[PDB]
Structure formats: C-alpha cells, structure tokens
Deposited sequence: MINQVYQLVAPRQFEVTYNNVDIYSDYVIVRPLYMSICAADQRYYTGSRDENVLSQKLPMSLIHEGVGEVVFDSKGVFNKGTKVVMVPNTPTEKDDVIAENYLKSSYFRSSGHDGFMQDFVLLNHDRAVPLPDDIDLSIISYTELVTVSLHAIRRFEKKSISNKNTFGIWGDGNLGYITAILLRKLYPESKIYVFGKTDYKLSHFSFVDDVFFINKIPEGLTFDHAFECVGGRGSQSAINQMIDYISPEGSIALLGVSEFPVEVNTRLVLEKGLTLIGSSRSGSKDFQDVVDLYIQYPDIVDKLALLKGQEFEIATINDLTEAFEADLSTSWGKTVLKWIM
C-alpha cells in the first residue's frame, strides 16, 4: 500500500512524498479525520536556521483523531473512532498513520470529533494538575491561573470539573479572552490585581517572553509554602526572583509532554462529564476542509491571524 505524506519542504510551502505501508504489521493503520494546528507546528511553518534546515522535510501536525481502517493484530474493529497519541520525543498530515495499540485510544459512539481533535492540550493540562499529589488538594484549596488562552481555558475547565467546591482565579491581558471564563470565581487583569488577593496553588499557562512576567507575579502574590505548576515553554532563559522562592518556601514543578495514561483518563472524563466537551467546544475557532495543498496554506495563515481558539482541520485528502 502507498501512503502520501504531506511534508513541509520550506516555510509556507508544502509538498507530497511517498512511502510504503504494510497492512499486515503489528501497527494499527488509522486514517486521520480531524486535526488541530499547534503553536509548535507554526514555528516551523514560518520560522535557529541550522535547526530549521536540520529536520527540514517533515510532517507537521501532532494533535488529532481518526478512524481505524486496518488492524492486523485484531484489537480495534474497522471504523472505530480513536484519538491518536504521538511519540513523546513523524506527523499526522498523511493519508495513513501507523500507531502502536497503546498509542490509539477509543472514543464513544457519538461525540463531536472536531473538538476532540485538540485532546493533547487537555492531556497536557491534566498531567500538570495530577503533578500536585491529589492527597494534598481538596475542593477547599484556591487556584490561580495565569494566561487567558487555550491552556488557560482547558485548565480552568478541568479544575472546575474535578475540584468542584474549590475557588479559581484567572489572570490575563484582554477583555475578549477573559470573557470566556464564566465558570471561574473571578477574573483579573495583570494590570489590575487588588492588594490582598491570595491563593495557594497556581498554574503558569503563558509562554515565551511573557512567562518571565507571569512567573514573577505569581511568586509575589502566592500564599507562602504554595506550589506552582510550570506549563509554558520559553525556549530561552527567564529571570526568576529566587530570593522570594526561598523566603516563601515555594515549590515549582515543571510539566511537559503527557503519556497515554493521560489520554485514557481524558477520554474517560469525556464520558463522565460531557460538560467538558461542551465547554471545550468554545475553544473551536475556525474549521477548514483540506482537499488540496492550498487548503493547507489558507488554514495556516488563518491560524496565524486568529485571536482566540484552536484551528481545526477536516482531513479529506
């Protein structure tokens, strides 16, 4: 069998190569259905230049869901709709994706797949939350979340669904984005934080040069002996006020890529509280049906220009 892979051969420029696919291997052959563009995929799509020319031809997307078209080992029946887990250290823009049986998680019968496409973000978030030893955290704690974007929103959702009596505060920059947080107890601008505000556990869901600012602020405002979960990637160093981490006894925990246990947990949560899938739906930005190469460039440019939400891709190549 012949697989068409849609690789990036130069920024803002896609081209198609071929490779063979063995129907009868210990993999499960999956056709992607919906898939979402990651910040990480946009770094490559636009632009070190020696690290760029390193993996220079490669497939991009890594957040997606699909149907089982073959399973030679007989585990998943044909057509089973499944969420696709990538490798923790090739991509999904191809006609078929081969997965280990533990790298493919089955979905319920009826479920909006266009919004299940960005389940990797939900796993990243749940992974971070679970880094706080659940025995230490009741629905009597009080959480803070920096960043009014996709990770911010998912984390707010998760804390509210599973720590239901707890308090949640969200800190951001724009009225547009902060209005989406309604199930939160209160919402603040980083510009307009009242003296006297307090919380014991916090989540940094800001990246880039903004992570530095977010971190110093939560260090300053957090109750002493509080813990902080680091989620944002900085791809650079950032100045930290360590004096205060000492004086206050703060614990800072880094959380990154997730494992297939988090994908199974996130699915089992979709089963449990479908409120999540409905709240997650507010993140679905624009959807694109991808039938030619052009239909990709348009989608990537549009995800560049996008204010709020994730850009979904309906795969019909």
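- The deposited sequence has C-alpha coordinates everywhere except the stretches 48-49, 92-113.
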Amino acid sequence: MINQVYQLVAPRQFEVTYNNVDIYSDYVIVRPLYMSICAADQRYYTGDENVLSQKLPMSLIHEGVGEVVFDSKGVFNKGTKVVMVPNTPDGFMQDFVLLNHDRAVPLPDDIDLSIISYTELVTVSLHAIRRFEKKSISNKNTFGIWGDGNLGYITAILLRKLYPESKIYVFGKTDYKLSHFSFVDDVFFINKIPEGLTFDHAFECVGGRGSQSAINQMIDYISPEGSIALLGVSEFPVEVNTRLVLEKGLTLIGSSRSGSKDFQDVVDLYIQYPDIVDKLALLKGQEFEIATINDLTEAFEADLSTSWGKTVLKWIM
From here on, numbers count along this sequence of modelled residues.
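- When the mean C-alpha temperature factors of 133-141 and 99-107 are read from the deposited coordinates, 133-141 comes out higher.
- The stretch with the higher mean CA B factor, choosing between 48-56 and 282-290, is 48-56.
- Per the PDB record, 165 has a higher Cα B-factor than any other of 239, 247, 148, 165.
- Residue 27 sits in the middle third of its chain by CA B factor, as recorded in the PDB entry.
- In the PDB entry, residue 209 places in the middle third of its chain by CA B-factor.
- Placement of the Cα temperature factor of residue 67 within the chain: lowest third of the modelled residues, per the deposited record.
- Split the chain's modelled residues into thirds by C-alpha temperature factor. Residue 218 is in the lowest one.
- In the PDB entry, a CA B factor belonging to the lowest third of its chain's modelled residues is recorded for residue 4.
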